[PDB]
Amino acid sequence: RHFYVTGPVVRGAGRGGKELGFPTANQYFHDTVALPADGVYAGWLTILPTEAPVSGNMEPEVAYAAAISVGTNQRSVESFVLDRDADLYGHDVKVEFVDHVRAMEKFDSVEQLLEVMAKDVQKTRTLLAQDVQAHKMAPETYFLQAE
Ligand SMILES: Nc1ncnc2c1ncn2[C@@H]1O[C@H](COP(=O)(O)OP(=O)(O)O)[C@@H](O)[C@H]1O
Ligand SMILES: [Ca+2]
């Protein structure tokens with residue numbers, strides 16, 4: 001299908017995310033793990049098969065639409081799962097990269113950063129819908145809202 005990485009969702013600085021309305025599931029990787037260049041990507045986040053209870057509105061083995069930010073400190077992957085809310089900490093998750101949204105950019109203010117994040121989300125919805133429409137998949141296996 002798509003390029004992907006897996007690993008546990010871990011603690012970041014725990015500020016600048018949830019309290020601004022854009023919580024992101026942090027994963028970290030040694031830079032010898034293949035990843036795309038720093039930037040924002042449209043993709044799917046799946047909680048891998050597990051006996052662990054998940055708290056909130058995501059179930060294991062379902063691909064949730066995500067806006068994924070890749071950074072370099074060693075490498076980081078930070079996924080905002082669209083229109084969902086669950087405690088992902090400690091869960092083993094797969095992040096699939098579908099399409100490129102934009103290169104890394106710098107921002108004037110917190111407010112400008114949030115404006116761009118909202119644009120990244122809207123572009124993520126459209127790119128994923130275009131990838132759902134071609135390459136047809138079963139309704140039960142993915143989650144994506146148009147609005
Ligand atoms: N829609 C969502 N997308 C990503 N993570 C979410 C979402 N809703 C709740 N979470 C939880 O919020 C956490 C991220 O919040 P954040 O404020 O970015 O803190 P941190 O710095 O620890 O990454 C995730 O690890 C996950 O447990
Ligand atoms: Ca985060």
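In each ligand, atom 1 is the first atom listed, and ligand 1 is the first ligand listed. The first residue in the sequence is number 1, and the count goes up from there.
Side chains of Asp131 and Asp99 form no contact here, defined as non-hydrogen atoms less than 4.5 Å apart. For the pair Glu61/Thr50, no side-chain contact is recorded, criterion being any heavy-atom separation below 4.5 Å from C-beta on.
Hydrophobic clustering (side-chain heavy atoms under 4.5 Å, transitive across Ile, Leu, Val, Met, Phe, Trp, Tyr) keeps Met58 apart from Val121. Taken together through direct or relayed side-chain contacts under 4.5 Å among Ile, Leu, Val, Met, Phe, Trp and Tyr, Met104 and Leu114 form parts of separate hydrophobic clusters. One hydrophobic cluster, built from ILVMFWY side chains closer than 4.5 Å, cannot hold both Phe97 and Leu127; they sit in different ones. Both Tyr41 and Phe29 belong to a single network of hydrophobic side chains, linked directly or stepwise wherever heavy atoms of I, L, V, M, F, W or Y lie under 4.5 Å apart.
Protein residues lining ligand 1, listed by chain and number: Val9, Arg11, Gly12, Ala13, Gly14, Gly17, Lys18, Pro23, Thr24, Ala25, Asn26, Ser79, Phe80, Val81, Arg84, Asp85, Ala86, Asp87, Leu88, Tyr89 [non-hydrogen atoms, distance under 4.0 Å].
Within a 6.0 Å sphere centred on NE2 of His135, heavy atoms belonging to other residues, nucleotides or ligands number more than 12. Atom CG of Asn73 sits in a sparse spot, with 12 or fewer heavy atoms from other residues, nucleotides or ligands closer than 6.0 Å.
Taking distances strictly below 3.0 Å, the protein N/O/S atoms close to the Ca ion (ligand 2) are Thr24 O, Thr24 OG1, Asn26 OD1.
Of all non-hydrogen atoms in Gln145 and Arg125, the two that sit nearest each other are O-NH1, 3.0 Å.
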